[PDB]
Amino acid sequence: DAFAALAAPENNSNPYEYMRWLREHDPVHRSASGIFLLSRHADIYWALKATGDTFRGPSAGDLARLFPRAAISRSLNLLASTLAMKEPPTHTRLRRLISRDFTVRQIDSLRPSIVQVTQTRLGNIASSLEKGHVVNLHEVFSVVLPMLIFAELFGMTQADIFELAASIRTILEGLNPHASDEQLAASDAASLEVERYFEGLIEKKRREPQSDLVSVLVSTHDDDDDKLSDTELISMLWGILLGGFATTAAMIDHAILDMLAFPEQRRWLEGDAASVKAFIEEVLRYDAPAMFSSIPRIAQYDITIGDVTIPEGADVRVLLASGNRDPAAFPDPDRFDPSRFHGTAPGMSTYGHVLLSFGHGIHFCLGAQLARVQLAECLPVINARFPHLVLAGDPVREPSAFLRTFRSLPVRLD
């Protein structure tokens, strides 16, 4: 069972050796649960692009058949009504309600806050590091920047997002096939607390609307529940919150760790916009924040791939991280090399193969530009501010079945 392999402590630090074995010996892998896992870049790309007809989100019947605990799991039923589980026209309706605030144009208008938050945070980080303290950069920068920026966009107070960060982490870990009974229970319970917060937040924004995404969603719902039902509203709030910062923080963590691990590639962070972006794309390819997606893709046909046949109705997952290191798509895949993404469109290598960390197709990440811009603003500043930064020991990873997140990124000045 590949999902238990990826969650095993042995493979927590570097799971790519197992992923390499999986691509070569079982690329269309059937787990013990009957869930399939695609590890080759070309198959992952096809599955993502084919979502719509060949693959769809689960119906009511699929949900009961594949997730028998669904009637009992608050987290699973909240997921079932997010737009990531839907196809057009429903998917098109939901996405258009939220896409404006994530466009290039609107993300640009956040750059002053990103700079301000970055400079304010670093000024305090510098003060502590010049005394010779050790700083958990994950805790005091990597999570803080996207939490604050997301809260501003979404309509949450900074106090709210910090109060809920622990609930978010707990919810996220229950969203994978290897989740233990305890993790699933804890996830459902935290989803309840998050849902109660949003009930309070909805009434506040109903009575006090601002230029934030939650206010737009609530007014849309209040005006016409066929544009956004009560079920779709609460799943959207819960879902966007889940996706709003945890993976961005992990990207920042990975970027800092790559900065310190490969001093030769650090020069890319000192160049023009294109050179900085190229570094960030290679961070995303080299170690995706989500190894695979919690989102099920249900086969609408028997799908024969080589000698393996995926039966109709089967849940299929995509190992984004493995496709990112597939030598058929990225030569010398274990080399960290920003030149792959220099001068090209975002996510596209100079040889025409895409990174997969943001997905592809109808469910391509809504927040990709928001994530990329935050790191493009702060990473060159970190690099210039602290040239003598080093690790003060091994980073402590958040043990996860599928997310590549950290509990600590301990640094100090040399």
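So that there is no doubt, residue numbering starts at 1 and follows the sequence shown.
Participant: Higher average CA B factor in the deposited record is what I'm after, so tell me if that's 199 to 207 or 328 to 336.
Facilitator: The stretch with the larger mean CA B-factor is 199 to 207.
Participant: Take the C-alpha B-factors listed in the entry for 378 to 386 and for 342 to 350, compute each mean, and give the stretch with the larger one.
Facilitator: Between 378 to 386 and 342 to 350, it is 378 to 386.
Participant: Can you tell me which of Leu356, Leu38, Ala50, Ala64 has the maximum CA B-factor listed in the PDB entry?
Facilitator: Top of the list by C-alpha B-factor: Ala64.
Participant: Which of these, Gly123, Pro296, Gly323, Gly239, has its C-alpha atom at the highest B-factor, as the entry lists it?
Facilitator: Top of the list by C-alpha B-factor: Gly123.
Participant: Taking the C-alpha B-factors as the PDB entry records them, is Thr157 in the lowest, middle or highest third of its chain?
Facilitator: Ranked within chain, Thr157 CA B lands in the middle tercile.
Participant: Which third, lowest, middle or highest, does the CA B-factor of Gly244 fall in along this chain?
Facilitator: Tercile = lowest for this residue's CA B-factor.
Participant: If you rank the chain by CA B-factor, which third does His363 end up in: lowest, middle or highest?
Facilitator: It falls in the bottom third of the chain.
Participant: C-alpha B factor of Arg56, ranked within the chain: lowest, middle or highest third?
Facilitator: Ranked within chain, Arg56 CA B lands in the middle tercile.
Participant: Sort the modelled residues of this chain by their C-alpha B factor and say whether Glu139 lands in the lowest, middle or highest third.
Facilitator: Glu139: CA B-factor falls in the highest third of its chain.
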